[PDB]
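Only one chain is shown below, in structure tokens, and it's the form deposited in one PDB entry.
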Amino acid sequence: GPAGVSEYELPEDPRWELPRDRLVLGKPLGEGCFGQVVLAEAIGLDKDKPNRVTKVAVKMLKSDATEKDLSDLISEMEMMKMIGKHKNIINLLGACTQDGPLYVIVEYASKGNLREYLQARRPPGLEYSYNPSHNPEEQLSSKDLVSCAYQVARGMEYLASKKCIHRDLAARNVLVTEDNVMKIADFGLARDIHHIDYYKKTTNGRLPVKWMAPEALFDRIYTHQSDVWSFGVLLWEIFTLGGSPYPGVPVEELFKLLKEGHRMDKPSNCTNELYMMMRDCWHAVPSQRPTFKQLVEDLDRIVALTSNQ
């Protein structure tokens, strides 16, 4: 019977389609752009091991979704296919387009987003703000922190090689897996064709204008060079263990300040070398910023020289 049949033509790709009875839905992972994200166990996700279970994240479409929401979730999924797999991005694993509501299945990152992961690992004392976690975890070593940055840079280098511009690279858009692998999220989202509201917070209270390069702020120009600017902000987030950028600065003053040369001060626990890397990412002139290729090479060297003691 036609009950529950989509009015739309959802694209069935036999390489990726999973019968939804292979998903055992589990705990909520929060509200995404298009609907709930839910942890699930997938049976037989790898057709070579039909009797094994893999934990996955299931992106669903909310019941009151618009046609644009549906189109946007399909577009993200097809973009992930074209971009292909990398260790440091959230990868596509499958989809359910038949016999029920649309699900897009991606890799599960059990430790959640990087900002709250780092906040929960703040040690006491003078160099960081307080630890807000009631389940605090062991502090990371200096090498772990640089390694976090290296992994994100490696993921962005891959995405840039595939001509993918992220446009909102921030610690809240990096997720951390059970094995502490950093994975960039939301890289496949299509760009809004409408102008954005600079003063509208995200559902988690963030103001994305604080990650925008000046040419994105002023003229809405987004390039790989503006993603490098954002990476500089993400570096500052890492070495403040989840800090909020531009403390005390009202957002409507930000472009004026950046234009006059204002940049964030160095975090208390941050080498001169990594601060110089942040500042280079924040070159006013887009052509003068490093590339992700260069950032990867430099972070590789710095990781190797940085103590894990």
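Throughout, rigid core stands for the largest set of C-alpha atoms superposing within 1.5 Å between the two forms. Position 1 is the first residue in the sequence shown; the rest follow in order.
What follows is about the form deposited in another entry, which we do not show.
Just one of the listed positions, 180, 75, 204, 110, moves its Cα by at least 2 Å between this form and the one not shown when the rigid core is held fixed, and it is 204.
If you fit the rigid core between this form and the one not shown, you'll see the Cα of residue 35 move by 2 angstroms or more. Relative to the shown form, the Cα atoms of residue 31 and residue 241 move together by 3 Å or more in the other form. In the other form, the Cα-Cα separation between residue 30 and residue 110 shrinks by 3 Å or more relative to the displayed conformation.
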